[PDB]
């Protein structure tokens, strides 16, 4: 096929994307070996769903797993009565998600399981895929003329031809794998045909971070998790925590082979040691550098000019409440807390009012990075660790290093009960999650 593997695309037809997807154990070839994974649509990653604002989506998920599951539409500001995090689809049963794509929306989103206590194993085994929302902004020449690709960043470990089981240490750290894949391929080669690339980036890993950098080149950030920036932002590197997305323009500067790498990054994962007589936790330190893909530039590349503007970010009403959410850890028990509590589905932790704006201060008092995620209500990050964010864009995941505080502006949209949680999904399964009710 094409030298560069990307998940098959399913597009809405006449304003309707109607599709049956089975969640199924699936024999396939991955990274040169046979393995059985858990897939949507028979593929790893699952198929990419490409839609437009106002489209109707009708997804019937058939559960062919030996355990219950469900779907979460990560990043979509739609009703929690549709995107229902408490719903359980039993083995053998089916369920139809139906919703309309919001009018003011664009970017890269994704879908994956969200059944509490079983997210980390099901996601790790291969249950995920992307959802792209096309914009009228795609028709401006500086983007239309770029060469577009999706990069699903997701790692894996295999054992006996199946996803490796979670260890006790895995539940504390979040599981990382030794196979560091792009769209399920091991270090694929991208032979560029145009000088400007437009790359949609998705971290669909359980816990691995990707400190992204392309040899000899800057990246031009044009979209965050849930929408475009106001204008392109030049960066020398780009960290993507679990669950985050970004879209970048790449402007190839000369012919040659350039490595896109995940540079060493220390997210505070921990190992166990025994030196004299102690049996305690020790930092793992930085991840080892990984090559993600080989990027071959075309002959005499002349990149397009950058667009001068993208999408103006909405002026939000003044906020009516400030909240404070504190993250802490119990590493040796693999328990994780928000304001001193673990998740309880019966318990409402926050109660807000639709169409008002809130300020959330989320503070990490643990020693690990925690990427904080809120369903249903995209936010604007004002600052993290005392530093102002250098751009305005919708996000739904924000990474917090040890000790850092993030300040977010959270407009409350759809009414209903929903959740917020760390998107190292092992931490989520182990309790680092709470309930928001909007009324």
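Positions refer to the first chain, counted from 1.
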**Complete:** Taking the deposited Cα B-factors and averaging over 138 to 146 and over 349 to 357, the higher mean is found in 138 to 146
**Request:** Would you mind comparing 163 to 171 and 311 to 319 for me and telling me which has the higher average C-alpha temperature factor in the entry?
**Result:** 311 to 319
**Prompt:** Which of these, 332, 127, 219, 131, has its C-alpha atom at the highest B-factor, as the entry lists it?
**Reply:** 332
**Message:** Quiz for you: based on the deposited Cα B-factor, which of 61, 408, 57, 31 is highest?
**Reply:** 31
**Message:** Using only modelled residues of the chain, where does the Cα B factor of residue 49 rank: lowest third, middle third or highest third?
**Reply:** lowest
**Complete:** Entry-reported C-alpha B-factor of residue 231 relative to its chain, by third, is middle
**Request:** Using the B-factors in the PDB entry, rank residue 371's C-alpha atom against the chain and give the third, lowest, middle or highest.
**Result:** lowest
**Request:** Give the position of residue 21 by CA B-factor within its chain, expressed as the lowest, middle or highest third.
**Result:** highest
**Complete:** On the chain's distribution of Cα B-factors, residue 247 falls within the third called lowest
